[PDB]
>>> print(open('structure_6.cif').read())   # mmCIF, C-alpha atoms
data_protein
loop_
_atom_site.label_atom_id
_atom_site.label_comp_id
_atom_site.auth_asym_id
_atom_site.auth_seq_id
_atom_site.Cartn_x
_atom_site.Cartn_y
_atom_site.Cartn_z
CA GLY A 1 104.13 141.14 -140.42
CA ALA A 2 100.52 139.96 -140.33
CA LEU A 3 100.98 137.86 -137.21
CA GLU A 4 102.85 140.47 -135.27
CA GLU A 5 100.11 142.93 -136.18
CA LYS A 6 97.32 140.68 -134.93
CA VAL A 7 99.10 140.00 -131.70
CA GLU A 8 99.45 143.76 -131.21
CA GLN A 9 95.76 144.19 -131.94
CA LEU A 10 94.87 141.48 -129.43
CA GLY A 11 97.11 143.06 -126.83
CA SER A 12 95.39 146.43 -127.10
CA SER A 13 91.89 144.89 -127.26
CA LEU A 14 92.51 142.86 -124.09
CA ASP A 15 93.83 145.95 -122.30
CA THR A 16 90.67 147.86 -123.18
CA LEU A 17 88.45 144.99 -122.02
CA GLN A 18 90.34 144.66 -118.73
CA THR A 19 89.67 148.32 -117.94
CA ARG A 20 86.00 148.11 -118.91
CA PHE A 21 85.56 144.98 -116.79
CA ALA A 22 87.15 146.68 -113.78
CA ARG A 23 84.71 149.59 -114.19
CA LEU A 24 81.66 147.34 -114.42
CA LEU A 25 82.63 145.21 -111.43
CA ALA A 26 83.12 148.34 -109.26
CA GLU A 27 79.87 150.02 -110.32
CA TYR A 28 77.91 146.78 -109.95
CA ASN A 29 79.26 146.30 -106.42
CA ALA A 30 78.45 149.94 -105.56
CA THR A 31 74.92 150.11 -106.94
CA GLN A 32 74.02 146.74 -105.48
CA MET A 33 74.51 148.18 -101.98
CA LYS A 34 72.11 151.03 -102.45
CA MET A 35 69.51 148.85 -104.16
CA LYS A 36 69.47 146.30 -101.34
CA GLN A 37 69.26 149.18 -98.85
CA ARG A 38 66.22 150.59 -100.61
CA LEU A 39 64.45 147.22 -100.88
CA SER A 40 65.13 146.41 -97.22
CA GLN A 41 63.70 149.79 -96.24
CA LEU A 42 60.49 149.26 -98.18
CA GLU A 43 60.06 145.73 -96.79
CA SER A 44 60.42 146.88 -93.20
CA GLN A 45 57.75 149.42 -94.05
CA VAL A 46 55.10 147.09 -95.55
CA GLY B 1 101.48 126.68 -138.28
CA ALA B 2 101.41 126.20 -134.50
CA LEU B 3 101.79 129.87 -133.56
CA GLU B 4 99.27 131.11 -136.11
CA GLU B 5 96.76 128.75 -134.57
CA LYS B 6 97.38 129.84 -130.96
CA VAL B 7 96.87 133.43 -132.10
CA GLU B 8 93.67 132.38 -133.93
CA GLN B 9 92.33 130.71 -130.83
CA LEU B 10 93.28 133.72 -128.70
CA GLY B 11 91.48 136.08 -131.09
CA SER B 12 88.41 133.93 -131.16
CA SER B 13 88.25 133.54 -127.35
CA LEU B 14 88.72 137.30 -126.91
CA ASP B 15 86.03 138.09 -129.50
CA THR B 16 83.60 135.79 -127.71
CA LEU B 17 84.29 137.44 -124.34
CA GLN B 18 84.00 140.99 -125.75
CA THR B 19 80.63 140.14 -127.20
CA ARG B 20 79.47 138.59 -123.92
CA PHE B 21 80.80 141.53 -121.90
CA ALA B 22 79.12 144.10 -124.17
CA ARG B 23 75.76 142.36 -123.69
CA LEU B 24 76.13 142.18 -119.88
CA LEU B 25 77.11 145.84 -119.69
CA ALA B 26 74.07 146.91 -121.73
CA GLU B 27 71.76 144.70 -119.64
CA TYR B 28 73.26 145.97 -116.34
CA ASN B 29 72.74 149.60 -117.43
CA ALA B 30 69.20 148.84 -118.63
CA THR B 31 68.06 146.98 -115.51
CA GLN B 32 69.56 149.66 -113.26
CA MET B 33 67.21 152.17 -114.82
CA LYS B 34 64.11 149.95 -114.63
CA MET B 35 64.81 148.92 -111.05
CA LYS B 36 65.45 152.45 -109.84
CA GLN B 37 62.17 153.52 -111.39
CA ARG B 38 60.28 150.63 -109.79
CA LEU B 39 61.83 151.64 -106.47
CA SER B 40 60.88 155.30 -106.85
CA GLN B 41 57.28 154.33 -107.57
CA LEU B 42 57.16 152.18 -104.48
CA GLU B 43 58.71 154.76 -102.28
CA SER B 44 56.03 157.26 -103.23
CA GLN B 45 53.21 154.72 -102.90
CA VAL B 46 54.21 154.00 -99.31
CA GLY C 1 111.03 134.36 -129.22
CA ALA C 2 109.43 137.56 -127.97
CA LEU C 3 106.31 137.04 -130.09
CA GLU C 4 105.61 133.56 -128.77
CA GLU C 5 106.13 134.84 -125.27
CA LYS C 6 103.72 137.77 -125.70
CA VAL C 7 101.19 135.30 -127.08
CA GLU C 8 101.60 133.11 -123.98
CA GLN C 9 101.23 136.10 -121.64
CA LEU C 10 98.05 137.20 -123.44
CA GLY C 11 96.60 133.69 -123.16
CA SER C 12 97.17 133.62 -119.39
CA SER C 13 95.65 137.08 -118.91
CA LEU C 14 92.60 136.25 -121.02
CA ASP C 15 92.04 132.98 -119.15
CA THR C 16 92.12 134.82 -115.84
CA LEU C 17 89.62 137.42 -117.18
CA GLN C 18 87.37 134.69 -118.51
CA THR C 19 87.09 133.22 -115.04
CA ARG C 20 86.55 136.60 -113.38
CA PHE C 21 83.80 137.37 -115.93
CA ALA C 22 82.10 134.01 -115.41
CA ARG C 23 82.01 134.79 -111.67
CA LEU C 24 80.54 138.24 -112.24
CA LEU C 25 77.92 137.11 -114.76
CA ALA C 26 76.74 134.29 -112.50
CA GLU C 27 76.27 136.49 -109.48
CA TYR C 28 74.66 139.23 -111.55
CA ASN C 29 72.08 136.77 -112.88
CA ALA C 30 71.38 135.29 -109.41
CA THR C 31 71.02 138.65 -107.69
CA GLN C 32 68.82 139.92 -110.53
CA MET C 33 66.35 137.06 -109.98
CA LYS C 34 66.19 137.82 -106.29
CA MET C 35 65.86 141.56 -106.72
CA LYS C 36 63.06 141.11 -109.23
CA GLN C 37 61.18 138.77 -106.91
CA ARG C 38 61.55 141.19 -103.99
CA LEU C 39 60.24 144.05 -106.12
CA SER C 40 57.30 142.00 -107.33
CA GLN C 41 56.42 140.94 -103.76
CA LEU C 42 56.51 144.59 -102.69
CA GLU C 43 54.33 145.67 -105.62
CA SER C 44 51.84 142.90 -104.80
CA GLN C 45 51.67 144.17 -101.24
CA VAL C 46 51.56 147.85 -102.40
#
>>> encode(input="structure_6.cif", output="C-alpha cells")
Amino acid sequence: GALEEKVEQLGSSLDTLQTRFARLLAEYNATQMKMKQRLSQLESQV
Amino acid sequence: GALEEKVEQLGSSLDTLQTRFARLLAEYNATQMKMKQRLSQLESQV
Amino acid sequence: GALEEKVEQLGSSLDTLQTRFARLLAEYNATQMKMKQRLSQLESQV
C-alpha cells in the first residue's frame, strides 16, 4: 500500500544519492590534486 | 503509527540531504570553472 | 516484518551517508577558503 510504496521510493532515492555522492567524492579528490599542483607551481615561480 | 513515523522521518532526512548534496555539487562544478580560469590567467601572466 | 526491517536498513545507510557527506562538505569548504586565498595572493603578486 501507501507505506510500502514510500519505502520503495526511499530505497531507490537513497541508491541514486549514494552513487552520485561516490562520483562527487572521487572527482573532488582527483581535481584537488591538479589544482594544488598548479598553485604550487605558480608560487615557486613568483 | 510508529512505523509511519519512522518512514516520515527517513523521508524528511533524505530530502534534506538530497537538497544539501545538490547545492554542493552545483557549487563544486561552478568553482572548478572559476578556479581553472583564474589559474589559466596566472599561468599566462607569468 | 520485512517492511520494518527494510526501513531499519535504510535508516542505517542514510545515517552513514549523512556522516560521510558532513565530512566531505567540511573539507570542501576549508580547502576552498585556502585555495581562494592562495589565488588572491598570487594575483596580488602578479
>>> axis_aligned_box(input="structure_6.cif", around="stretch 30-44 of chain A", padding_each_side="8 Å", output="lines of an AutoDock Vina configuration file")
center_x = 69.3
center_y = 148.4
center_z = -100.1
size_x = 34.4
size_y = 21.3
size_z = 29.7
>>> calpha_fit_rmsd(input="structure_6.cif", fixed="chain B", moving="chain C")
0.9 Å
>>> closest_residue(input="structure_6.cif", among="A:25, A:44, A:7, A:12", to="chain B", atoms="all atoms listed in the file")
A:7
>>> resolve_selection(input="structure_6.cif", expression="the PyMOL selection byres ((chain A) within 8 of (chain B))", output="number ranges by chain")
A: 3, 6-7, 10, 14, 17, 21, 24, 28, 35, 38-39, 42, 45-46
>>> atom_distance(input="structure_6.cif", atom1="atom CA of residue A:13", atom2="atom CA of residue A:30")
26.0 Å
>>> atom_distance(input="structure_6.cif", atom1="atom CA of residue C:31", atom2="atom CA of residue A:16")
26.7 Å
>>> atom_distance(input="structure_6.cif", atom1="atom CA of residue B:2", atom2="atom CA of residue B:20")
27.3 Å
>>> build_atoms(input="structure_6.cif", residues="stretch 5-34 of chain A", atoms="N, CA and C atoms", output="compact mmCIF listing (two decimals), in the frame of the given file")
# COMPACT_ATOMS: atom_id res chain seq x y z
N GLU A 5 101.20 141.95 -136.21
CA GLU A 5 100.11 142.93 -136.18
C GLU A 5 98.89 142.43 -135.40
N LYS A 6 98.50 141.19 -135.61
CA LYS A 6 97.32 140.68 -134.93
C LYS A 6 97.59 140.55 -133.47
N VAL A 7 98.75 140.07 -133.11
CA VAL A 7 99.10 140.00 -131.70
C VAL A 7 99.04 141.38 -131.05
N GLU A 8 99.52 142.40 -131.75
CA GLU A 8 99.45 143.76 -131.21
C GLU A 8 98.00 144.22 -131.02
N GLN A 9 97.17 143.96 -132.01
CA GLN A 9 95.76 144.19 -131.94
C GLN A 9 95.10 143.51 -130.74
N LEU A 10 95.42 142.25 -130.54
CA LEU A 10 94.87 141.48 -129.43
C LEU A 10 95.31 142.04 -128.10
N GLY A 11 96.58 142.41 -128.01
CA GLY A 11 97.11 143.06 -126.83
C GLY A 11 96.29 144.29 -126.46
N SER A 12 96.08 145.18 -127.42
CA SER A 12 95.39 146.43 -127.10
C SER A 12 93.90 146.19 -126.79
N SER A 13 93.28 145.27 -127.52
CA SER A 13 91.89 144.89 -127.26
C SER A 13 91.67 144.34 -125.85
N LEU A 14 92.56 143.45 -125.42
CA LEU A 14 92.51 142.86 -124.09
C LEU A 14 92.70 143.92 -123.00
N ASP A 15 93.59 144.88 -123.25
CA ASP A 15 93.83 145.95 -122.30
C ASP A 15 92.56 146.78 -122.12
N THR A 16 91.93 147.12 -123.23
CA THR A 16 90.67 147.86 -123.18
C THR A 16 89.62 147.10 -122.37
N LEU A 17 89.47 145.81 -122.68
CA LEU A 17 88.45 144.99 -122.02
C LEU A 17 88.72 144.86 -120.52
N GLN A 18 89.99 144.72 -120.14
CA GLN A 18 90.34 144.66 -118.73
C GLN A 18 89.85 145.89 -117.99
N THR A 19 90.07 147.06 -118.58
CA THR A 19 89.67 148.32 -117.94
C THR A 19 88.15 148.41 -117.83
N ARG A 20 87.46 148.08 -118.92
CA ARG A 20 86.00 148.11 -118.91
C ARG A 20 85.41 147.10 -117.91
N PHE A 21 86.06 145.96 -117.74
CA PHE A 21 85.56 144.98 -116.79
C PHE A 21 85.71 145.50 -115.37
N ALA A 22 86.87 146.10 -115.09
CA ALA A 22 87.15 146.68 -113.78
C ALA A 22 86.11 147.74 -113.42
N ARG A 23 85.74 148.57 -114.39
CA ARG A 23 84.71 149.59 -114.19
C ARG A 23 83.37 148.96 -113.85
N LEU A 24 82.97 147.95 -114.61
CA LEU A 24 81.66 147.34 -114.42
C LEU A 24 81.56 146.65 -113.06
N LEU A 25 82.58 145.88 -112.72
CA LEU A 25 82.63 145.21 -111.43
C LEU A 25 82.43 146.22 -110.29
N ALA A 26 83.21 147.30 -110.30
CA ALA A 26 83.12 148.34 -109.26
C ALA A 26 81.76 149.03 -109.18
N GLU A 27 81.19 149.37 -110.33
CA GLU A 27 79.87 150.02 -110.32
C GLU A 27 78.82 149.04 -109.81
N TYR A 28 78.85 147.83 -110.35
CA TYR A 28 77.91 146.78 -109.95
C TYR A 28 77.92 146.57 -108.43
N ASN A 29 79.12 146.42 -107.87
CA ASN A 29 79.26 146.30 -106.42
C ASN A 29 78.71 147.52 -105.67
N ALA A 30 78.90 148.71 -106.23
CA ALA A 30 78.45 149.94 -105.56
C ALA A 30 76.94 150.12 -105.61
N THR A 31 76.35 149.89 -106.77
CA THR A 31 74.92 150.11 -106.94
C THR A 31 74.09 149.05 -106.22
N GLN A 32 74.65 147.87 -106.12
CA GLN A 32 74.02 146.74 -105.48
C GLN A 32 73.76 147.04 -103.98
N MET A 33 74.66 147.77 -103.35
CA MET A 33 74.51 148.18 -101.98
C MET A 33 73.33 149.07 -101.77
N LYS A 34 73.20 150.08 -102.59
CA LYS A 34 72.11 151.03 -102.45
C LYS A 34 70.76 150.41 -102.78
